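Presented below is the structure to which this report refers.
2 protein chains.
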Amino acid sequence: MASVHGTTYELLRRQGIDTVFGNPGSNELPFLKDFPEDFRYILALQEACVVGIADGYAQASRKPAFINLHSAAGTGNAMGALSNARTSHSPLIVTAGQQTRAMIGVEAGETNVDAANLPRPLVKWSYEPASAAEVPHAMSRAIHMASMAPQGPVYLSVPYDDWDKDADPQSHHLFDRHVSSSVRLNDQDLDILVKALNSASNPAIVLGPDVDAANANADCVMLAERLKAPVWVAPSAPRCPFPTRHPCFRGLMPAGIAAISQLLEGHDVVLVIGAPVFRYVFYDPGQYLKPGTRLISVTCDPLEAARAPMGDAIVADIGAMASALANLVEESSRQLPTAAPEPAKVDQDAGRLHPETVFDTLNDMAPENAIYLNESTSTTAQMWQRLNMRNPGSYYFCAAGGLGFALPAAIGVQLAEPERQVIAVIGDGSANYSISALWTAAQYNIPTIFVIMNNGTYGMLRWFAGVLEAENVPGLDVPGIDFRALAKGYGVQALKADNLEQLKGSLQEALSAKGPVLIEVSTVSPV
Amino acid sequence: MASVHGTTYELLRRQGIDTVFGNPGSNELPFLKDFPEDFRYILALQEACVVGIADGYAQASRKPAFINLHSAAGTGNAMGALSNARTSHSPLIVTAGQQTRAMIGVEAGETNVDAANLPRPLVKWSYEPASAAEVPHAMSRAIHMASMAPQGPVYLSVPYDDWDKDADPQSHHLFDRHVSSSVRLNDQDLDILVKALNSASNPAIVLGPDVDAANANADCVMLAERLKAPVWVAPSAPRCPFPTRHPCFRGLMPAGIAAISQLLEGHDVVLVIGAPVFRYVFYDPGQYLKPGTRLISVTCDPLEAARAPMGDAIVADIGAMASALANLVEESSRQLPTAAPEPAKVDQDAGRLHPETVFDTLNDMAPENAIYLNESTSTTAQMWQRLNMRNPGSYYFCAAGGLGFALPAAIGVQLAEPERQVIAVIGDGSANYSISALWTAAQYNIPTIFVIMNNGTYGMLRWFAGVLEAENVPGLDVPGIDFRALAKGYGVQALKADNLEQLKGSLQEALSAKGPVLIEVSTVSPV
Ligand SMILES: Cc1ncc(C[n+]2csc(CCOP(=O)(O)OP(=O)(O)O)c2C)c(N)n1
Ligand SMILES: Cc1ncc(C[n+]2csc(CCOP(=O)(O)OP(=O)(O)O)c2C)c(N)n1
Ligand SMILES: [Mg+2]
Ligand SMILES: [Mg+2]
Ligand SMILES: [Mg+2]
C-alpha cells in the first residue's frame, strides 16, 4: 500500500475495476507483477485485439475497461481500434509502460518518444506523469476522464521505475471519489422543449448509439409510444437503440444528406437523441432538412452539438434526458405507426448462400436475447431488416468503420454477457484484420460464435467503386483463405456451410457447443 | 495529364516509384482507379502487414517505398509498424485517403480527424493539403522528406475529391527535381579527424544500421583493416553493417551502459558510424566511457548527435563519410585482430531443438547470400554468434523492438531481392502480430522461408521478469497455437520439425521449394 503499485491497484479496485486487458512487455512487468487475486488478466496476441476485446467489454458492461499495452509499438498497434473507440464513446483506460525515467533522454530501446502525443487526436485525455508519486493521481484523472460524458478512450504512459516508489500518503483521498455527469436541461427550458414536442403535428425520432450506451432504450420506447412517432436509427450505427420490430421502428437511415431530409420530409419536429447530426458517408448533396422540418438534438458530446449543420442542440446526459422526456410529454391521441413490412424471402437454390438467407436463418434459430456483431460491410442493410433485436445491447458495428473490431469485440461482449449468446457476422476480408483474437476465445473458453461471410472479395469496396466510377482498381479480391484452418490454428472449433442445409446444421451445432465456434459460410459472389 | 491523378502518378514514376503497397478503402478508390500499367500493387490484409512489407522492401532496395492506407483506421492499424520505421530511418511515403472536402466539417464516416496529428510523433513530416492543386507539390515534399538524410517515414492525407481536379500546369517543374544530402565534413575538419584516427594507439569501431542502409559496409571493412581495429555492432541492431566472421568483428554489443564502457576500456579513440550513441535497453548504470577513452560519432541524424551522453559528433551522410575515411586514413602497422572463436556446439538429444542447433543448421544449409530476419527475441545473441553473414543487407530486426515486423518485412525483402533466399526466424509469440502477411507471400508467390521458433512462451519476457524480480506476472505463456494450420489458412506450404532430423529434412525441402514455406520448429522451453 505504501508503494505506487499498491496504491494504484487500490484506486482501481475502489473505482470498480477488476479486469485488465493486455499484451505484456518489459515496461509493463513492474506494473503486472504481484497481480492481485481480485483482478483477472485477459491476454490477446496483438494490441488491436486487446483493445477490441476491451471495447466490446466496456460497451456491453456500460463501465470503463482497463487496458495495458507495451510502449509505442503496442500503443501504435492499437490505434485503429482507438479510432473506433472514439466514435462509440467507449470508456477505455489505455495504459502503456514507458522506459525507466533515467533512460528516456538517451532514447533507450523501448522508449515511447513524446508519449502523450502518440494517441492524439483520438483520445479525450493523454498524459505522462512528471514523477512516480503523481501516478495514482494521474490514474484518477484517467478513470474519471474516460467515464464522464462524453465517454471516450484516454491514455496514460508510466515509466516502469515508478511502481516501486513510495506513494503520496495523501493519495487515499482519490480512492472513493464519485464524479457525476448525470445531468439534464434546466426545468424552464425543459418545459419549453416538452411543450414543443406536445405541439408537434407530425414528430419523428432519430436515435443513436449513446441511447444504447445509456440503457435509455426503454425510455425511448416510452417516448416514441407517447408521441406516436416513427423512430429511425441514425446512419452508420455503432449500436442498436430500439427494438427492431416495434411498430414505430423505421430502420437504419441511409448515410446521405438528401436521403435523410427526404425521409424526414413532412415531419415538423425531428428529435434526435444520442446521435451525431449526422454520420453521413456517401456523396448525396441536397437540403439538410426540407422546409417545414425543425430539428432538436440531444447529445452527450459538445463536438456533436457544435458540428451539426442544422437544428438546435442540448448537451446533456442521454439517460437523464430520455427519462425526463419520456415521463414529461403528453400521450398523443394520434394513430400508432404501422409496423414496417416483413422483408421478402429471396430465391435460394442448393448452392452458395445469399446474405438474406443467412440473416433469415439466424433470426429463426438464435435465442431472442442473442447479441449480434456486424463486420460484413456489404450486407448491413439486409442485417438490420432481417434480425429481430428486442433487447438493449444487441448490436455492435465498428463505430468509425475501422475493420478488425467485430471479431475481438465479440469476445469482450461475450465475456461481459455470459448468459447471452454472442454471434459475430464478419466478412472474409474483415476477419483477417484481428484474426489472432480467436486464440483468446479458445484459451479463456469464451463461447462466441463467429460466422464468416466468405464471398472472396471486398464486396463493399466493389459497390463504392461502382458509385465513384472507379475502374481498374487493384486489390479488391481476397481469394484463397481457409477460415477453418485459421480457427484450427488458434484452437477454435470450425465448421463449413456451402449450402442452406449445411448452414442450418452448422448453426445447430454451434448453438449447442460449450466453446467458441467458427462457421465459414460460402456466400454469393460478384467474383 | 491535366488531372491531379495524372500529374501525381507522373511525379511518382519520374521520381522512380513503381510499386504501391496497400490495403484499399473508399477514400483511396479515386487514387487507385486507372492504376497505371507501369506500376504494381501489393495487397496485404492488415495495415501493420502493408507497412511491414513496404519497410522490408525499402530497407533492402535502399529506395523509398510508397504506401496507400485507408483514413484514420488504416493509418492507426499501421502505427506500431511506423514506430519501427522511425528507428530504422526507413524512407516510407505513407499516403492515406481522406473524406471529400465537403464532408470533413460535419465529420462524415471515414473522416480522418485532425489527420496530420495522427502519426505524430513517429514521422518526420505529416501533412494534409489545403487544396486539390497542391496535392502534387505535397507529394513532392513527401518524396523528398522521406529520402533526405536522416531518412524516415512521412505522411500525406488526401481528400478523395482532389484526384479528379485540374492540376496546376506549373506542377511539371516537380517531376525531375533532384535533391541530395550526400555530404561529408569539410576538408579542414576532416583532416583533423583523420589525423586523430592515425594517431590513435588502440582504436575501436562501432557500426550501426545506417552503415548497411548506405551500403557503406565494404568501406567500413576497408577502414577497420587500415586501422587494424576491432569492430562491434551497436546494441539493439536493426541491420548487419559488417561481415560477421571477418577477423576484426567482435559481435553485437549488450544494450547496457556499464557493459559497453567495459568493452571499450583501453581503447583511446572509439569511432561510431551510423548508430545512435547508444541504444541501451536494460538497467546497467556506470560510466558512459572509462577514463582514457574518447568517442567520435558520425551520424546522419541530428537527434542522435544531440542526445548522445558523451563524445563528439559529426552530422553527415554515412556513405560519403565512410568512403572518405576509408580512403584517407593511413594503413596502421599494428597486428590485425584475431578472429573471434567458434561458438560451442551445444549438446542436442533426439528431442526438442536448442536455438543454438537451429542457427548452426541454418548456417550449414543456407546459401552464402541468404538474408535473415530476426523476431525470435530470446535468441538474438545466439543468432549473431552462429550465422556467417558476409554480404550487405543480410539481417533485419525490428528497429524499435516492435513485434510484427519480421514476418511482413521478410516478404518485402524477398520481393526486393528475388535472387537471395530470405529466411525469417520468428518466435511463436511474435508470429501472431502480423500473421495475415503470409497471404501476400502465397498470392504473389514470394518464396520467403518462415522458421517459427515454438517454445510456447514469451521467452524474452520471462528473462526480463527475472532481471526485474517481477513475480506473479500474468500473460507470459502462449500455448495452443498450430502454425501449420495458420500457414494452410493463408495458402503457404507448411512443415514441422520436432527434432534435428526433421529440421534438416524440412530445411532441405524449404530451400528447394518454388513458393513460400513455413517450418514450425519445436524448441526447448522453460514452463
Ligand atoms: C482498417 C480498415 N482497413 C480498410 C478499410 C476499408 N474497407 C471498408 S469495407 C472493406 C471490405 C470488407 O470486406 P468483407 O469483410 O469481405 O465484407 P464485404 O464487403 O465483402 O461484405 C474495406 C477493405 C476499413 N474501413 N478499415
Ligand atoms: C507490438 C509489441 N508487443 C509486445 C512487445 C513486448 N515483447 C517483447 S519480446 C516479447 C516476447 C516475444 O515472444 P516470442 O516471439 O515467442 O520469442 P521468445 O522471446 O520466446 O524468443 C514481447 C511480448 C513488443 N516489443 N512489441
Ligand atoms: Mg467479402
Ligand atoms: Mg498521434
Ligand atoms: Mg516464444
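In order, the protein sequences belong to chains B and A. For the first sequence, counting from 1, position 342 maps to 342 in PDB author numbering; every step adds exactly one. For the second sequence, counting from 1, position 95 maps to 95 in PDB author numbering; every step adds exactly one. Just so it is clear, CB atoms sit at the ideal spot from N, CA and C, and this is done for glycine as well.
In the same chain as B:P119, and ignoring 5 residues on each side of it, the C-beta atoms closer than 8 Å to its own belong to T75, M79, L82, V94, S126, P153, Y155, in chain order. Residue-level contact by beta carbon fails for A:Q493 and chain B, as no gap is shorter than 7 Å.
A:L353 and A:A344 have their C-alpha atoms some 15 Å from each other. Residues of chain A whose Cβ lies closer than 8 Å to the Cβ of B:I435 are, in chain order, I435, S436. Put simply, of A:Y444, A:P337, A:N391, A:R184 the residue whose alpha carbon is nearest the alpha carbon of A:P203 is A:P337.
DSSP places A:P159 inside the beta strand (DSSP E), whose first and last residues are 154-159.
If you check the CB distance, A:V422 and A:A410 come in under 7 Å. At the C-beta level, A:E375 and A:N198 stay beyond 7 Å of one another. Taken atom to atom, the span from the alpha-carbon of A:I260 to that of A:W463 is near 20 Å. Between A:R239 and A:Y395, the CB-CB gap stays under 7 Å.
Annotation for B:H354 indicates a beta carbon at 6 Å or more from all heavy atoms of ligand 1. In chain order, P121 make up the part of chain B whose C-beta sits under 7 Å from the C-beta of A:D114. The Cβ of B:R239 sits no closer than 7 Å to any Cβ of chain A. The three-state secondary structure of B:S436, taken from DSSP, is helix. CA-to-CA, the gap between B:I435 and A:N77 works out to about 14 Å.
Residue pairing of A:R239 in beta bridges, as defined by DSSP: A:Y396. In the DSSP annotation of this structure, A:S297 is not part of any alpha helix (DSSP H); the continuous beta strand (DSSP E) holding it starts and ends at 294-299. With a threshold of 7 Å between beta carbons, B:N455 makes no contact with chain A. Bridge partners of B:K496 according to DSSP: B:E520. The beta-carbon of B:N374 is placed no less than 7 Å from the nearest beta-carbon of chain A. In its chain, beyond the 5 residues on either side, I426, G427, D428, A431, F483, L518, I519, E520, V521 have a beta carbon closer than 8 Å to the beta carbon of A:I452. Looking only at B:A44, B:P36, B:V231, the smallest Cα-Cα distance to B:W439 is reached by B:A44. Across the structure, B:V492 and B:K514 are spaced so that their CA atoms are roughly 11 Å apart. The residue among A:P64, A:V206, A:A138, A:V106 with its C-alpha nearest the C-alpha of B:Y280 is A:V106. For B:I143, the closest alpha carbon among the candidates B:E225, B:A65, B:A116, B:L468 is that of B:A65.
Close CB contacts of A:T8 within its chain, under the 7 Å cut and outside five residues either way in sequence, are with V135, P136, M139 (chain order). DSSP, reduced to helix, strand and coil, places B:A81 within a helical segment of the structure shown. Look at B:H70 here: in three-state DSSP terms it is strand. Within the segment 210-227 of chain B, contact with chain A at the beta-carbon level (separation under 8 Å) is assigned to no residue. Every alpha helix (DSSP H) of 4 residues or more that sits fully in the segment 85-144 of chain B is shown, in chain order, as 101-104.
Within the segment 93-109 of chain B, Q99, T100, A102, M103, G105, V106, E107, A108, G109 place their CB atoms closer than 9 Å to a CB of chain A, listed in sequence order.
In terms of CA proximity to B:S90, B:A214 leads the group B:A200, B:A214, B:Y458. Under the 7 Å criterion on CB atoms, A:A470 is classed as interfacial with respect to chain B. A check of alpha carbon separations from B:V211 across B:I318, B:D187, B:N327, B:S147 identifies B:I318 as the nearest.
B:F464 reaches chain A at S26, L29, counting residues in chain order whose Cβ is nearer than 8 Å.
For A:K33, the residues of chain B that pass the 9 Å Cβ criterion are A465, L468, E469, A470, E471, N472, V473, in the order they occur in the chain.
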